[PDB]
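K.L.:
Dropping the structure in here first, questions after.
Chains as they are written, first to last, in the deposited numbering: chain A, 8 to 161, 167 to 408; chain B, 8 to 161, 167 to 408.
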């Protein structure tokens, strides 16, 4: 019958086929071979139908070696799940469950404190311990009315061809990803992939341009259907000045009516303008999802807010251990215990708290996180918050 | 030419006329006479074109006596601006400016620490010192897919005719408004107006129904265009249990495809469901705007987060005074000083911070508030935050 194992190079065509059929956006077998370099030996699982040769791939899943920045500018080795897929012929046969269990086992044994993914659908991954941990926020600016506020900072920005300033983009992004929770190291192979997208595609996307600043850049292109809409695919700013200067340039695209960007909830853009409504939220969705693999390792690794007095509690993760958790001076100490729990939550809830994108008090109101103490709740809220708001580095 | 003065009863027809022409959703002379009882003697200003009787009103503005809840469950007398209108024939002649100046003078002399409004546009009121202080967040739930999470609490709620349960609605709302920043006291005259809207309007809105719980209620009606959409005009919940029970009932409206509600950003609804995407944000906008009239009175009045250690700074408001600000133990002391400023911001920025809806660090990134100290920023951030997320009580 069905069997779970690590793919051979023989299994690839089957996997590419399943991938082509599962993901519209499938980047070709070629492009899939850049991401492959991020897959460790043993980072992939397939389900074959039958035993023997000529068995076909009906399930696949893999993880990539990533580096995720978490609050306090700490970088965690992170296992990024990707290309997860079950054949349309084998739904509801337990394949996803078996493949995820096997991959989590490998991820845990390998020593990753956290796993992560982007969710094709919202009701799938909670059951596997993943919680949404960043929030994608689309802003659409009607630039026809947009005027900058007297207080806004600001000729330092240049309009450039992306493919001619790779080094400058890499250096800026690299600084960006080390300072911001949600940041991911972007390897050379992914910079190759990204820069190849910049050329105009006949029957596809119009060519991309870049706005470059010593401390930030934006990549944008005119929408293919709506020609009065500019789409900002990526904007990395490491200083507030760079962020403002880049927006002055984008609002300077007089040929356009609207500029849109997928950004984060605390993007200060609306406050740069004299009319904050002009920056409309047109779309909101979960971004990066997190599964805490090792609770103590993860809790001790991140920084915590200093604006909270030292406190101690006992945290129980459903089927993930019980811990004495002490937080003070922006650090956590997290040790085994069997003392009565003061806070309980499923594993996924913890990943949702972990980068500061969700407040413990909000999850508590949903009974997703249970405690006796309201004071304890406010303290967790305050401790887990992030100085630097969490952003999403790139889908994978 | 033009003159600014307090209206007589002679001026009402002119004002009604100007009102009908300025506000589509105008409270007929009938309803306008309910809100009128909330207007204090001398709370109204008109601009007449010409002198002596026989002059038509070309400008009007007024304020109402309101009670606003701010963090720490503190209730402030608040002056609520409304029916502000300039005749389409007299735009750009300085009328709004003159009317706001005169009203602000009256509001200050009368002893209001704060003024508030709902803004018909986003680029008008900042210049007068108002900052957006709450955020309206529309959620549209596709209830065909909505399943409650195993953890969600939950019988208890009843489907009732609104008009037969006024006493119960009043008591619940009254409890609600005293506990939540943004809460407003709703006077009898406004309950009269509200319950009169519940009846089906011929050629207008459909009949309203209510879901009632001991500790919360929801008012909803089928949308008049889209008959698979239920619109929740108001949902007041005092306990998390009530909030979840009401949503189980709403998700129970099987003849509906979608339920929508205007709510706040920290609404825990998305976390009650197994798929959080199902609660889609379909719209976001500034709600209540605040003008701090008296900086020291306002800063000392509200409670601050207990999680921040005591600290002291010097706050300068552009044309609003400089103050030594000391915050500790959830309390602020705020006294005159000429010591060098550590923080500066326009008056409107302070209004946006006041209820916890906007983070100081976000306004600083936009340069709307200047300091030279990042630690000071984190502390302001943490101190001004609210334990109970800020919500919007009713438009006025």
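Note that CB positions come from ideal geometry on N, CA and C, so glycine has one too.
1) Per the contact definition of three or more C-beta pairs closer than 8 Å, is the stretch 280-293 of chain B in contact with the stretch 134-149 of chain B?
2) Hey, which unbroken runs of the alpha helix (DSSP H) at 4 residues or more fall wholly within the stretch 236-322 of chain B?
3) For residue 86 of chain A, does the three-state DSSP call read helix, strand or coil?
4) Determine contact between the stretch 99-108 of chain B and the stretch 60-74 of chain B, defined as no fewer than three beta-carbon pairs at a distance below 8 Å.
5) What are the boundary residues of the beta strand (DSSP E) that includes residue 63 of chain B?
6) Run the CB neighbour count on residue 179 of chain A, radius 10 Å, all protein chains shown included, and call it buried at 16 or more, exposed below.
7) Taking residue 79 of chain A as the reference, which of A:366, A:136, A:370 and A:408 has the closest Cα?
8) Just mark residue 391 of chain B as buried or exposed, buried being the case when its beta carbon has 16 or more other beta carbons within 10 Å.
9) Just the Cα atoms here: how many angstroms apart are residue 99 of chain B and residue 38 of chain B?
10) Counting Cβ pairs, one atom from each stretch, are 3 or more of them under 8 Å apart for the stretch 219-237 of chain B and the stretch 110-122 of chain B?
11) What would DSSP say about residue 40 of chain A, mapped onto helix, strand or coil?
12) Of the residues that make up the stretch 304-320 of chain B, which ones have a beta carbon closer than 9 Å to any beta carbon in chain A?
13) How big is the Cα-Cα spacing for residue 405 of chain A and residue 138 of chain A?
14) Along the chain, where does the alpha helix (DSSP H) that runs through residue 21 of chain A open and close?
15) When the Cα atoms are used, what is the spatial distance from residue 268 of chain A to residue 262 of chain A?
16) In whole angstroms, give me the CA-to-CA distance for residue 313 of chain B and residue 226 of chain B.
17) Please list, in chain order, all residues of the same chain as residue 327 of chain A whose beta carbon is under 6 Å from its beta carbon, the five residues on each side excluded.
18) Roughly how many whole angstroms lie between the Cα atoms of residue 270 of chain B and residue 256 of chain B?
19) Is DSSP giving residue 166 of chain B helix, strand or coil here?
20) Helix, strand or coil, according to DSSP, for residue 339 of chain B in the structure here?
21) Go ahead and pull the three-state DSSP assignment for residue 333 of chain B.
22) What's the gap between the Cα of residue 36 of chain B and the Cα of residue 375 of chain B?
23) Which bits of chain B does residue 159 of chain A rub up against, with CB to CB less than 8 Å?
24) Going by beta carbon distance, what residues of the same chain come within less than 7 Å of residue 81 of chain B, once the five residues before and after it are set aside?
25) With DSSP as the reference, please indicate the residues paired to residue 138 of chain B in a beta bridge.
26) What does the Cβ neighbour count give for residue 380 of chain A, buried or exposed, with the cut at 16 atoms within 10 Å?
27) When DSSP labels each residue in this structure, what does residue 355 of chain B get in the three-state scheme?
28) Going by C-alpha distance, which of A:260, A:218 and A:264 is nearest residue 245 of chain A?
29) Compile a chain-ordered list of the residues in the stretch 257-284 of chain B whose CB is closer than 7 Å to at least one CB of chain A.
30) Can you tell me where the alpha helix (DSSP H) holding residue 179 of chain A begins and where it ends?
31) What's the gap between the Cα of residue 231 of chain A and the Cα of residue 75 of chain A?
32) Taking 8 Å as the CB-CB limit, is residue 252 of chain A close to chain B?
33) State the CB to CB distance for the pair residue 160 of chain B and residue 278 of chain B, rounded to an integer number of angstroms; the pair is presumed to be in contact (CB under 8 Å).
34) Considering residue 204 of chain A, what are the terminal residues of the alpha helix (DSSP H) in which it resides?
35) Per DSSP, what kind of secondary structure is residue 383 of chain B in: helix, strand or coil?
36) Take the Cβ of residue 89 of chain A as the centre, count every other Cβ of all protein chains shown within 10 Å, and call the residue buried at 16 or more, exposed below.
P.N.:
According to the structure data:
1) yes
2) 252-263, 281-284 and 307-313
3) strand
4) yes
5) 63-77
6) exposed
7) A:366
8) buried
9) 30 Å
10) no
11) helix
12) 317, 318, 319 and 320
13) 17 Å
14) 19-29
15) 9 Å
16) 32 Å
17) 335, 337 and 355
18) 17 Å
19) For residue 166 of chain B, no position is available: the coordinates of chain B end at 161 and pick up again at 167.
20) strand
21) strand
22) 41 Å
23) 378 and 379
24) 313, 314 and 315
25) B:302
26) buried
27) strand
28) A:218
29) 278, 280, 283 and 284
30) 178-191
31) 22 Å
32) yes
33) About 17 Å; that fails the 8 Å criterion.
34) 200-208
35) strand
36) buried
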